[PDB]
Amino acid sequence: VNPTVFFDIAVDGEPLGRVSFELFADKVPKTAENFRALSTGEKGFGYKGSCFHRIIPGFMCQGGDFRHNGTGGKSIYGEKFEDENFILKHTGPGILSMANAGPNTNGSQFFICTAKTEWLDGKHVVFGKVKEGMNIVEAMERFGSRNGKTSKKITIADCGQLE
C-alpha cells in the first residue's frame, strides 16, 4: 500500500532514464505524503522541471529546490515541517532522505544516497528508497564533482505516481 513515484531524468535536455521510489508511508506518512504530492504536482507546484543541483560522487545526489540552487523549495504544508521520526536509517545506496537546515526545517529538498551514510542518522528523515533505476542514479552521479557542482544540467523532465 506504500506509494510508488517515478522521476524521468534528463541530462542537458536529453533523456537518461526513469528512477522509481517506494515511499514509506506506513512509517513516515507526513514526509512520504509531501514527496508524493510534490511529485504528482497536484497542489500546483512540485518537482517537475526542477534540477539536481548538488551531486557528490560516492556520497549523494540532492535535488528538490524547485530557486534551483539549494536555497529554496517549500513543503505542501504552507511552512517548513517537523522531523517526523528517525525510525529509518541511512543504510546504503538508494536511501531517499530529507535535506534540511537543522532540526524541524523540512521543505522540499531531498537526497538520494549512493553509499551508506550513517553519520546522517538522527539528523535527516529517511522516508523512501529507490525501487527501480538505481543504475540511472549511478549514471547521474558521474556528472557530479568533489564540490557538488554538476558538469551537465540534471533535470526531472517528468514525474508522477505509479500503480
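Easy rule for this one: first residue shown is 1, then count along the chain.
Per the header of the entry, the method used was X-ray crystallography, 1.7 Å.
In case you wondered, yes, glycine gets a Cβ from its N, Cα and C as well.
If you check Swiss-Prot, you get these features:
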CROSSLNK  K27  ubiquitin cross-link
CROSSLNK  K27  SUMO2 cross-link
CROSSLNK  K80  SUMO2 cross-link
CARBOHYD  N106  N-linked glycosylation site
MOD_RES   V1  N-acetylvaline
MOD_RES   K27  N6-acetyllysine
MOD_RES   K43  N6-acetyllysine
MOD_RES   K74  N6-acetyllysine
MOD_RES   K80  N6-acetyllysine
MOD_RES   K123  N6-acetyllysine
MOD_RES   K129  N6-acetyllysine
MOD_RES   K131  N6-acetyllysine
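Sequence features, as recorded in Swiss-Prot, placed on the structure.
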residue	record	CB count, 10 Å
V1	N-acetylvaline	4
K27	ubiquitin cross-link	17
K43	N6-acetyllysine	13
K74	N6-acetyllysine	18
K80	SUMO2 cross-link	15
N106	N-linked glycosylation site	26
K123	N6-acetyllysine	14
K129	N6-acetyllysine	21
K131	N6-acetyllysine	18
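Put simply, of the recorded positions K27, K74, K80, the one whose Cα is nearest the Cα of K129 (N6-acetyllysine) is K27. A strand conformation is recorded for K131 (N6-acetyllysine) in the three-state DSSP classification. Of all the recorded positions in the list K27, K74, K80, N106, the shortest Cα-Cα distance to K43 (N6-acetyllysine) is found for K74.
If you compare Cα positions, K123 (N6-acetyllysine) sits closest to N106 out of the recorded positions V1, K74, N106. Cα-Cα distance from the residue listed as 'N-acetylvaline' to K27 (ubiquitin cross-link): 12 Å (rounded to the nearest whole number).
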